[PDB]
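One chain comes next, on its own, written out as structure tokens in the form deposited in one PDB entry.
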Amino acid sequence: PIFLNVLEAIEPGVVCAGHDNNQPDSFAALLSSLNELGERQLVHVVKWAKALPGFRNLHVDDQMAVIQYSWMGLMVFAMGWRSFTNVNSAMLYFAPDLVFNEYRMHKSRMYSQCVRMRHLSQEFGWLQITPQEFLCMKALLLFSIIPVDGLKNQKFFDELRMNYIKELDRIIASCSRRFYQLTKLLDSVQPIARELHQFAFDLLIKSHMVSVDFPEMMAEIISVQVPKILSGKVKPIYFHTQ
């Protein structure tokens, strides 16, 4: 299990949001901590990414690019998994110190979005998703969204991505049935991340006017990279269209 050793080895540990659970909830309190968390998880995603088989093989610009476009969806998927495994999909386990109940779901003004994420969480359960299958899947999510014009080295990227599908397929092996389900589940992540993108973006735009704080690294990705996703420039790669 060489490849599976790696994915296991490199999987991020616990990441806290820094939130104050003793102070009553608040739109700005909540979304300030989520933003905070976004930042930290982003840092973790970068270090994880750069330890993937094949990854540092990409043009350094393709690296920053793929990390920045895939970031939200990667966070969404892992958050779904944690939610599934730590609290039976009942609530959303953003972090140890930031767990969303219905109340926070509403109060963060992210109710509809929290609903889809919560549903994705339940899918892990419904589909009896193994932790091994969760790792390959997540790994594959990093190769899921690119500029329509392609990347600086697009060929190396497709060979990479090809190899990751192959690895998902081995980790499965009507195995045809199993793959279909897992690929449909992977496709489902993009609509949620797109919804999350819209919300983050709108939030940025109005943020000095509401009291939410955006870490510098966040605000750059939301203002520079996210609009390309929202404008159709950077599109997701789907298994089944759509």
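Note that residue numbering follows the sequence shown and begins at 1.
K.L.:
Going by the PDB record, how many residues of the deposited sequence fall between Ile205 and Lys206 without any coordinates: none, 1 to 3, 4 to 9, or 10 or more?
P.N.:
Per the record, no deposited residues are absent between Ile205 and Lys206.
K.L.:
Take the C-alpha B-factors listed in the entry for 57 to 65 and for 39 to 47, compute each mean, and give the stretch with the larger one.
P.N.:
Taking the mean B-factor of the alpha carbons in each, 57 to 65 is higher.
K.L.:
Test of understanding: from the entry's C-alpha B-factors, which stretch has the higher mean, 110 to 118 or 67 to 75?
P.N.:
Comparing averages over the C-alpha atoms only gives 110 to 118.
K.L.:
From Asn163, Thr85, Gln132, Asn153, can you pick the one with the highest C-alpha B factor in the entry?
P.N.:
Out of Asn163, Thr85, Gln132, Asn153, the record gives the largest C-alpha B-factor to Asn153.
K.L.:
Based on the entry's values, in what third of the chain does the Cα temperature factor of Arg177 lie: lowest, middle or highest?
P.N.:
It belongs to the highest third of the chain when residues are ordered by C-alpha B-factor.
K.L.:
Going by what the PDB entry lists, where does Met105 fall on CA B-factor within its chain: lowest, middle or highest third?
P.N.:
As the PDB entry reports it, the C-alpha B-factor of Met105 lands in the middle third of its chain.
K.L.:
Ranking every modelled residue in this chain by its Cα temperature factor as given in the entry, which third contains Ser211?
P.N.:
Within its chain, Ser211 is a highest-third residue by C-alpha B-factor, going by the deposited values.
K.L.:
Could you place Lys233 in the lowest, middle or highest third of its chain by Cα temperature factor, using the values in the record?
P.N.:
According to the entry, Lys233 has a C-alpha B-factor in the chain's lowest third.
K.L.:
Among the modelled residues of its chain, does the C-alpha B-factor of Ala200 lie in the lowest, middle or highest third?
P.N.:
Middle third - that is where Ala200 ends up once the chain's C-alpha B-factors are sorted.
The form solved in complex with a partner chain exists for this protein as well; it is not shown, and the discussion that follows is about that form.
K.L.:
Is there a heavy atom of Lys47 no more than 4.5 Å from a heavy atom of its partner chain in the deposited complex?
P.N.:
Looking in the deposited complex, residue contacts with its partner chain include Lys47, since a heavy atom lies within 4.5 Å.
K.L.:
At 4.5 Å between heavy atoms, is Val43 in contact with its partner chain in the deposited complex?
P.N.:
Taking the distances in the deposited complex, the answer for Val43 is yes, it comes within 4.5 Å of its partner chain.
K.L.:
Hey, in the deposited complex, is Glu220 touching its partner chain, heavy atoms inside 4.5 Å?
P.N.:
The answer is yes: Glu220 has a heavy atom within 4.5 Å of its partner chain.
K.L.:
Taking its partner chain as it sits in the deposited complex, is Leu204 near enough to touch it, meaning that at least one heavy atom pair lies within 4.5 angstroms?
P.N.:
It does not: once its partner chain is placed as it appears in the deposited complex, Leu204 has no heavy atom within 4.5 Å of it.
K.L.:
In the deposited complex, which of 67 to 75, 157 to 165, 111 to 119, 143 to 151 comes within 4.5 Å of its partner chain (heavy atoms)?
P.N.:
Going by heavy atoms within 4.5 Å, the stretch is 67 to 75.
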